[PDB]
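Only one structure is covered here, and it is reproduced in the block below.
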Amino acid sequence: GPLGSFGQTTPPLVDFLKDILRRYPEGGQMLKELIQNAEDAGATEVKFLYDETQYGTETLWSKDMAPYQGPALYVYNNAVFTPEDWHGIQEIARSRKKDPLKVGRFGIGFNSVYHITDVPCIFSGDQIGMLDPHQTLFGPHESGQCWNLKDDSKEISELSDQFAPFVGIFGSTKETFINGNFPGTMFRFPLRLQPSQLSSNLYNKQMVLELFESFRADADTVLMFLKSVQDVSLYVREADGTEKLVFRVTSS
């Protein structure tokens, strides 16, 4: 809820994601999964950035969006989502009859991001989507919501605070939204502030840095196993806007 996080029924989708979080219990595995996904997409670089920026809460989709306006782990890669990537990532789980839920078309690995966030966001090409497996934020039957930068330009304009986190990073600017296209893929994972039904993990700077540290430890081994991704970098943006490179690793 956080008031919904105890003494209620768990919806099936949340229960399925809880199963995945048990099977993939480490933070360090989430970073590898996102790198593998970039490899599959044929990206050549991946960047991770912990951003302490707190955004405004005045022009949001709803008042319930306020908890997702604060510090976030972002991920960048230089590939662009296909229509099949978008259809897949929105399929958090499959019910192929009315069976247990199964992994959807985008694979198991993305779901590790629920360790850190309840509302992962994706911005690639002409589209932004937010996923909501708890099904509270958009509709009782909706597990996500997308906006097209062309078709929904006016809505995106009205919701200035909602979309502010998607400009000013990885080369995104106001011109990106005028033009209608971000030539890459950006993920934003707002860090959880209070427990949800999905997890009680509340990450802070220290804990994210400890993740960055464990990646550093295995970085050369990770790159040995990739053929498309040849550069991985980690950054921090501090709350006053100061930006620092933490680590870079390259491969041949």
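Residue names in the structure tokens use chain letters A, B, ... in the order shown, residue numbers from 1 in each chain, and ligand numbers from 1 in the order shown.
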Quiz item: Excluding same-chain residues fewer than 5 positions from residue 44 in chain A, what lies within 10 Å of it counting only C-alpha atoms, as JSON, numbers by chain?
Solution: {"A": [38, 39, 77, 78, 79, 226, 227, 228, 229, 230, 231, 232]}
Quiz prompt | range 68-195 of chain A: residues DSSP assigns to helix (DSSP H, G or I), reported as a PyMOL selection string | solution = chain A and resi 68+83-89+109-115+153-158+160-166+174-179
Next, write the just-selected residues to a file, as an mmCIF file, in the first residue's frame, keeping N, CA and C atoms as the atom set.
data_model
loop_
_atom_site.group_PDB
_atom_site.id
_atom_site.type_symbol
_atom_site.label_atom_id
_atom_site.label_comp_id
_atom_site.auth_asym_id
_atom_site.auth_seq_id
_atom_site.Cartn_x
_atom_site.Cartn_y
_atom_site.Cartn_z
ATOM 1 N N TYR A 68 6.667 8.045 -6.716
ATOM 2 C CA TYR A 68 7.583 7.595 -7.775
ATOM 3 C C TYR A 68 8.358 8.753 -8.435
ATOM 4 N N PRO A 83 8.439 -2.840 -32.046
ATOM 5 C CA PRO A 83 7.070 -3.122 -31.589
ATOM 6 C C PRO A 83 6.938 -4.438 -30.798
ATOM 7 N N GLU A 84 7.743 -5.447 -31.128
ATOM 8 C CA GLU A 84 7.694 -6.726 -30.398
ATOM 9 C C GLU A 84 8.311 -6.656 -29.003
ATOM 10 N N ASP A 85 9.318 -5.799 -28.823
ATOM 11 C CA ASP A 85 9.799 -5.519 -27.478
ATOM 12 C C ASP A 85 8.713 -4.873 -26.610
ATOM 13 N N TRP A 86 7.998 -3.888 -27.162
ATOM 14 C CA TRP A 86 6.954 -3.193 -26.388
ATOM 15 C C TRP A 86 5.819 -4.154 -26.007
ATOM 16 N N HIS A 87 5.415 -5.002 -26.951
ATOM 17 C CA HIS A 87 4.317 -5.934 -26.690
ATOM 18 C C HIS A 87 4.726 -6.952 -25.633
ATOM 19 N N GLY A 88 5.951 -7.463 -25.750
ATOM 20 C CA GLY A 88 6.542 -8.348 -24.749
ATOM 21 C C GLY A 88 6.675 -7.769 -23.347
ATOM 22 N N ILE A 89 7.284 -6.585 -23.224
ATOM 23 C CA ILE A 89 7.579 -6.053 -21.870
ATOM 24 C C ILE A 89 6.268 -5.756 -21.123
ATOM 25 N N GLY A 109 14.101 -12.152 -16.971
ATOM 26 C CA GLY A 109 15.173 -11.398 -16.308
ATOM 27 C C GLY A 109 14.764 -9.987 -15.907
ATOM 28 N N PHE A 110 13.966 -9.325 -16.767
ATOM 29 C CA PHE A 110 13.509 -7.960 -16.489
ATOM 30 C C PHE A 110 12.843 -7.872 -15.121
ATOM 31 N N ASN A 111 12.090 -8.917 -14.744
ATOM 32 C CA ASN A 111 11.308 -8.903 -13.524
ATOM 33 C C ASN A 111 12.155 -8.760 -12.245
ATOM 34 N N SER A 112 13.472 -8.933 -12.366
ATOM 35 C CA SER A 112 14.367 -8.711 -11.225
ATOM 36 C C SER A 112 14.345 -7.239 -10.780
ATOM 37 N N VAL A 113 13.907 -6.335 -11.661
ATOM 38 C CA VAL A 113 13.865 -4.914 -11.279
ATOM 39 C C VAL A 113 12.865 -4.626 -10.173
ATOM 40 N N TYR A 114 11.909 -5.537 -9.939
ATOM 41 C CA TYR A 114 11.017 -5.367 -8.785
ATOM 42 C C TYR A 114 11.674 -5.504 -7.400
ATOM 43 N N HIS A 115 12.922 -5.988 -7.343
ATOM 44 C CA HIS A 115 13.709 -5.790 -6.136
ATOM 45 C C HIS A 115 13.803 -4.350 -5.695
ATOM 46 N N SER A 153 0.926 13.785 -27.331
ATOM 47 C CA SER A 153 1.721 14.996 -27.095
ATOM 48 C C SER A 153 0.987 15.955 -26.159
ATOM 49 N N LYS A 154 -0.317 16.158 -26.367
ATOM 50 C CA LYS A 154 -1.011 17.170 -25.545
ATOM 51 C C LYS A 154 -1.098 16.713 -24.069
ATOM 52 N N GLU A 155 -1.433 15.438 -23.878
ATOM 53 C CA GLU A 155 -1.456 14.820 -22.539
ATOM 54 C C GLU A 155 -0.088 14.883 -21.870
ATOM 55 N N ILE A 156 0.953 14.547 -22.614
ATOM 56 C CA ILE A 156 2.320 14.631 -22.096
ATOM 57 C C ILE A 156 2.661 16.079 -21.644
ATOM 58 N N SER A 157 2.234 17.065 -22.442
ATOM 59 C CA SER A 157 2.397 18.482 -22.075
ATOM 60 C C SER A 157 1.688 18.882 -20.781
ATOM 61 N N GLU A 158 0.471 18.380 -20.580
ATOM 62 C CA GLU A 158 -0.302 18.740 -19.394
ATOM 63 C C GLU A 158 0.367 18.203 -18.143
ATOM 64 N N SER A 160 3.439 17.856 -16.914
ATOM 65 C CA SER A 160 4.828 18.228 -17.010
ATOM 66 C C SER A 160 5.697 17.531 -15.932
ATOM 67 N N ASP A 161 5.255 17.525 -14.672
ATOM 68 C CA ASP A 161 6.043 16.867 -13.602
ATOM 69 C C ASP A 161 6.186 15.355 -13.858
ATOM 70 N N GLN A 162 5.141 14.738 -14.402
ATOM 71 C CA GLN A 162 5.160 13.281 -14.664
ATOM 72 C C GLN A 162 6.300 12.939 -15.654
ATOM 73 N N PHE A 163 6.540 13.842 -16.602
ATOM 74 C CA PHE A 163 7.463 13.510 -17.700
ATOM 75 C C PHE A 163 8.823 14.165 -17.577
ATOM 76 N N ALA A 164 8.958 15.060 -16.592
ATOM 77 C CA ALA A 164 10.217 15.720 -16.281
ATOM 78 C C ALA A 164 11.409 14.753 -16.062
ATOM 79 N N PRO A 165 11.174 13.609 -15.383
ATOM 80 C CA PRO A 165 12.271 12.673 -15.164
ATOM 81 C C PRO A 165 12.850 12.087 -16.473
ATOM 82 N N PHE A 166 12.184 12.298 -17.606
ATOM 83 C CA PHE A 166 12.603 11.719 -18.898
ATOM 84 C C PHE A 166 13.370 12.647 -19.837
ATOM 85 N N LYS A 174 14.022 18.761 -24.146
ATOM 86 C CA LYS A 174 12.713 19.233 -24.610
ATOM 87 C C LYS A 174 12.515 18.968 -26.115
ATOM 88 N N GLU A 175 13.605 19.020 -26.889
ATOM 89 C CA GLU A 175 13.579 18.757 -28.338
ATOM 90 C C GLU A 175 13.214 17.310 -28.688
ATOM 91 N N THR A 176 13.634 16.379 -27.826
ATOM 92 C CA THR A 176 13.211 14.987 -27.933
ATOM 93 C C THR A 176 11.684 14.881 -27.982
ATOM 94 N N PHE A 177 11.004 15.657 -27.141
ATOM 95 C CA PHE A 177 9.544 15.564 -27.057
ATOM 96 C C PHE A 177 8.830 16.373 -28.136
ATOM 97 N N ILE A 178 9.497 17.407 -28.641
ATOM 98 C CA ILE A 178 8.973 18.141 -29.811
ATOM 99 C C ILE A 178 9.086 17.276 -31.051
ATOM 100 N N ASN A 179 10.277 16.728 -31.251
ATOM 101 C CA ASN A 179 10.583 15.863 -32.376
ATOM 102 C C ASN A 179 9.843 14.520 -32.327
#
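Take the candidates A:62, A:167, A:201, A:214 and check each one against residue 139 in chain A using only C-alpha atoms; the shortest distance goes to A:62.
Excluding residue 194 in chain A and any residue on its chain fewer than 3 positions from it, the residues at most 12 Å away by only C-alpha atoms are residues 1, 2, 3, 4, 5, 67, 68, 116, 117, 118, 190, 191, 197, 198, 199, 200, 201, 202, 203 and 204 of chain A.
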Just to be explicit: take each residue in the selection above, keep N, CA and C atoms, and write the result as a short mmCIF file (atom, residue, chain, number, x, y, z; two decimals), in the first residue's frame.
data_model
loop_
_atom_site.label_atom_id
_atom_site.label_comp_id
_atom_site.auth_asym_id
_atom_site.auth_seq_id
_atom_site.Cartn_x
_atom_site.Cartn_y
_atom_site.Cartn_z
N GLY A 1 0.79 -1.25 0.00
CA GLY A 1 0.00 0.00 0.00
C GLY A 1 0.81 1.28 0.00
N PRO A 2 1.47 1.60 1.14
CA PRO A 2 1.96 0.62 2.10
C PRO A 2 0.87 0.03 3.01
N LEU A 3 -0.27 0.69 3.13
CA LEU A 3 -1.36 0.08 3.88
C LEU A 3 -1.93 -1.20 3.23
N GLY A 4 -1.77 -1.36 1.92
CA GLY A 4 -2.13 -2.61 1.24
C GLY A 4 -1.13 -3.74 1.34
N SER A 5 -0.03 -3.52 2.05
CA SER A 5 1.12 -4.44 1.97
C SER A 5 0.97 -5.56 3.00
N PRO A 67 4.79 9.07 -4.93
CA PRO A 67 5.91 8.27 -4.39
C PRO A 67 6.96 7.87 -5.43
N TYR A 68 6.67 8.04 -6.72
CA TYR A 68 7.58 7.60 -7.78
C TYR A 68 8.36 8.75 -8.43
N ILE A 116 13.88 -3.44 -6.65
CA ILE A 116 14.16 -2.05 -6.28
C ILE A 116 12.97 -1.09 -6.43
N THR A 117 11.98 -1.44 -7.26
CA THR A 117 10.91 -0.50 -7.67
C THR A 117 9.61 -1.25 -7.86
N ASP A 118 8.50 -0.57 -7.61
CA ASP A 118 7.18 -1.09 -7.93
C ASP A 118 6.65 -0.62 -9.30
N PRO A 190 12.16 4.08 -10.09
CA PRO A 190 12.07 4.91 -8.87
C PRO A 190 12.22 4.02 -7.65
N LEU A 191 13.11 4.38 -6.73
CA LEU A 191 13.35 3.51 -5.57
C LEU A 191 12.15 3.53 -4.64
N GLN A 197 3.13 -4.84 -1.66
CA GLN A 197 2.90 -6.29 -1.61
C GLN A 197 4.04 -7.07 -2.31
N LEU A 198 4.74 -6.40 -3.20
CA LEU A 198 5.79 -7.05 -3.99
C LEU A 198 7.08 -7.22 -3.20
N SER A 199 7.44 -6.21 -2.39
CA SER A 199 8.71 -6.24 -1.66
C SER A 199 8.76 -5.20 -0.53
N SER A 200 9.55 -5.50 0.49
CA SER A 200 9.87 -4.53 1.54
C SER A 200 11.26 -3.91 1.45
N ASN A 201 12.01 -4.29 0.41
CA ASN A 201 13.28 -3.62 0.04
C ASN A 201 13.15 -2.14 -0.16
N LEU A 202 13.82 -1.35 0.68
CA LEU A 202 13.88 0.10 0.48
C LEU A 202 15.33 0.53 0.24
N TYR A 203 15.70 0.66 -1.02
CA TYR A 203 17.08 0.96 -1.37
C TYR A 203 17.40 2.42 -1.15
N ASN A 204 18.61 2.68 -0.69
CA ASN A 204 19.13 4.04 -0.61
C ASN A 204 20.49 4.17 -1.33
#
Self-check item: Atom-to-atom span, CA of residue 223 in chain A and CA of residue 248 in chain A, Å
Solution: 11.7 Å
Exercise. Within 8 Å of residue 180 in chain A, counting only C-alpha atoms, which residues show up once you throw out same-chain ones fewer than 4 positions away? Write them as a ChimeraX atom specification, please.
Key: /A:125-126,149-150,176
Practice problem: Using DSSP on the backbone coordinates, identify the residues of range 5-160 of chain A assigned to strand (DSSP E or B); present them as a ChimeraX atom specification. | Solution: /A:45-51,72-77,93-94,102-103,121-125,127-131,144-148
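Nearest residue to residue 137 in chain A, choosing from A:66, A:246, A:14, A:234 and counting only C-alpha atoms: A:66.
Take CA of residue 122 in chain A and CA of residue 15 in chain A: the distance between them is 22.9 Å.
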Quiz item: Near residue 28 in chain A, within 12 Å and counting only C-alpha atoms, which residues show up once chain neighbours fewer than 2 positions away are dropped, as number ranges by chain?
Solution: A: 24-26, 30-35, 112-113, 115-116, 207-219, 222
Could the residues in this selection be written to a file with N, CA and C atoms, as an mmCIF file, in the first residue's frame?
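Final file, selection_3.cif:
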data_model
loop_
_atom_site.group_PDB
_atom_site.id
_atom_site.type_symbol
_atom_site.label_atom_id
_atom_site.label_comp_id
_atom_site.auth_asym_id
_atom_site.auth_seq_id
_atom_site.Cartn_x
_atom_site.Cartn_y
_atom_site.Cartn_z
ATOM 1 N N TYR A 24 15.653 -15.174 -7.769
ATOM 2 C CA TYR A 24 16.724 -14.269 -8.146
ATOM 3 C C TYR A 24 17.014 -13.292 -6.999
ATOM 4 N N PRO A 25 17.508 -13.779 -5.830
ATOM 5 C CA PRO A 25 17.446 -12.957 -4.603
ATOM 6 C C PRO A 25 18.450 -11.806 -4.466
ATOM 7 N N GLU A 26 19.465 -11.751 -5.329
ATOM 8 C CA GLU A 26 20.531 -10.744 -5.206
ATOM 9 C C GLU A 26 20.283 -9.514 -6.082
ATOM 10 N N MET A 30 20.296 -8.427 -10.916
ATOM 11 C CA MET A 30 19.496 -7.471 -11.690
ATOM 12 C C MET A 30 20.311 -6.709 -12.712
ATOM 13 N N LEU A 31 21.471 -6.208 -12.292
ATOM 14 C CA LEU A 31 22.403 -5.568 -13.205
ATOM 15 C C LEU A 31 22.829 -6.469 -14.382
ATOM 16 N N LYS A 32 23.229 -7.707 -14.098
ATOM 17 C CA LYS A 32 23.531 -8.688 -15.173
ATOM 18 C C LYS A 32 22.338 -8.931 -16.120
ATOM 19 N N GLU A 33 21.123 -9.056 -15.563
ATOM 20 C CA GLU A 33 19.955 -9.295 -16.420
ATOM 21 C C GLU A 33 19.728 -8.138 -17.398
ATOM 22 N N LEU A 34 19.957 -6.918 -16.923
ATOM 23 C CA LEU A 34 19.714 -5.745 -17.757
ATOM 24 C C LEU A 34 20.812 -5.635 -18.801
ATOM 25 N N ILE A 35 22.016 -6.065 -18.445
ATOM 26 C CA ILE A 35 23.091 -6.077 -19.453
ATOM 27 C C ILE A 35 22.816 -7.121 -20.545
ATOM 28 N N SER A 112 13.472 -8.933 -12.366
ATOM 29 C CA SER A 112 14.367 -8.711 -11.225
ATOM 30 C C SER A 112 14.345 -7.239 -10.780
ATOM 31 N N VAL A 113 13.907 -6.335 -11.661
ATOM 32 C CA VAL A 113 13.865 -4.914 -11.279
ATOM 33 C C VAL A 113 12.865 -4.626 -10.173
ATOM 34 N N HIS A 115 12.922 -5.988 -7.343
ATOM 35 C CA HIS A 115 13.709 -5.790 -6.136
ATOM 36 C C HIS A 115 13.803 -4.350 -5.695
ATOM 37 N N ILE A 116 13.882 -3.435 -6.651
ATOM 38 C CA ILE A 116 14.165 -2.050 -6.278
ATOM 39 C C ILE A 116 12.969 -1.086 -6.430
ATOM 40 N N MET A 207 23.126 1.394 -0.590
ATOM 41 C CA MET A 207 22.768 0.058 -1.104
ATOM 42 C C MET A 207 22.932 -0.044 -2.596
ATOM 43 N N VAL A 208 22.684 1.057 -3.294
ATOM 44 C CA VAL A 208 22.888 1.086 -4.752
ATOM 45 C C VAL A 208 24.393 1.060 -5.050
ATOM 46 N N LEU A 209 25.156 1.843 -4.303
ATOM 47 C CA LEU A 209 26.626 1.850 -4.421
ATOM 48 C C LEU A 209 27.239 0.454 -4.177
ATOM 49 N N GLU A 210 26.718 -0.248 -3.175
ATOM 50 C CA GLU A 210 27.113 -1.629 -2.881
ATOM 51 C C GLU A 210 26.818 -2.584 -4.049
ATOM 52 N N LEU A 211 25.701 -2.358 -4.742
ATOM 53 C CA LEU A 211 25.446 -2.995 -6.050
ATOM 54 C C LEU A 211 26.492 -2.676 -7.124
ATOM 55 N N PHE A 212 26.779 -1.386 -7.301
ATOM 56 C CA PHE A 212 27.799 -0.926 -8.252
ATOM 57 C C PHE A 212 29.142 -1.604 -7.936
ATOM 58 N N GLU A 213 29.465 -1.686 -6.638
ATOM 59 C CA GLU A 213 30.695 -2.334 -6.140
ATOM 60 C C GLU A 213 30.782 -3.806 -6.546
ATOM 61 N N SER A 214 29.682 -4.543 -6.388
ATOM 62 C CA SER A 214 29.670 -5.960 -6.770
ATOM 63 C C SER A 214 29.754 -6.166 -8.281
ATOM 64 N N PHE A 215 29.280 -5.198 -9.050
ATOM 65 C CA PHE A 215 29.450 -5.297 -10.490
ATOM 66 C C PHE A 215 30.921 -5.081 -10.881
ATOM 67 N N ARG A 216 31.510 -4.007 -10.362
ATOM 68 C CA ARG A 216 32.942 -3.754 -10.496
ATOM 69 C C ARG A 216 33.746 -5.023 -10.297
ATOM 70 N N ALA A 217 33.406 -5.798 -9.262
ATOM 71 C CA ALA A 217 34.123 -7.019 -8.909
ATOM 72 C C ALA A 217 34.126 -8.068 -10.025
ATOM 73 N N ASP A 218 33.021 -8.169 -10.756
ATOM 74 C CA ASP A 218 32.883 -9.210 -11.768
ATOM 75 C C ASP A 218 32.852 -8.649 -13.185
ATOM 76 N N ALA A 219 33.172 -7.366 -13.334
ATOM 77 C CA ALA A 219 32.943 -6.663 -14.590
ATOM 78 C C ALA A 219 33.671 -7.309 -15.787
ATOM 79 N N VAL A 222 31.987 -10.518 -16.805
ATOM 80 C CA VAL A 222 30.725 -10.194 -17.521
ATOM 81 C C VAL A 222 30.983 -9.861 -18.997
#
Quiz item: What lies within 6 Å of residue 131 in chain A using only C-alpha atoms, ignoring chain neighbours under 6 positions off, as number ranges by chain?
Solution: A: 119-120, 143-144
Output C-alpha atoms for every residue in that selection, as an mmCIF file, in the first residue's frame.
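The file below, selection-v1.cif, is the result:
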data_model
loop_
_atom_site.group_PDB
_atom_site.id
_atom_site.type_symbol
_atom_site.label_atom_id
_atom_site.label_comp_id
_atom_site.auth_asym_id
_atom_site.auth_seq_id
_atom_site.Cartn_x
_atom_site.Cartn_y
_atom_site.Cartn_z
ATOM 1 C CA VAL A 119 6.763 1.038 -11.105
ATOM 2 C CA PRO A 120 9.489 0.490 -13.734
ATOM 3 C CA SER A 143 -0.873 -3.675 -15.414
ATOM 4 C CA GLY A 144 0.755 -0.734 -17.251
#
Practice problem: Would you kindly return, as a PyMOL selection string, each protein, DNA or RNA residue with an atom no farther than 6 Å from any atom of residue 52 in chain A, considering only C-alpha atoms and excluding same-chain residues fewer than 3 positions away? | Solution: chain A and resi 71+238-239
Output the selection as a compact mmCIF listing (two decimals), in the first residue's frame - C-alpha atoms for each residue.
# COMPACT_ATOMS: atom_id res chain seq x y z
CA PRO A 71 15.52 9.13 -6.52
CA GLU A 238 23.77 14.04 -6.73
CA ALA A 239 20.74 15.95 -5.47
Quiz item: For residue 172 in chain A, which residue out of A:185, A:135, A:82, A:54 is the nearest one, using only C-alpha atoms?
Solution: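 Closest to residue 172 in chain A, using only C-alpha atoms: A:185.
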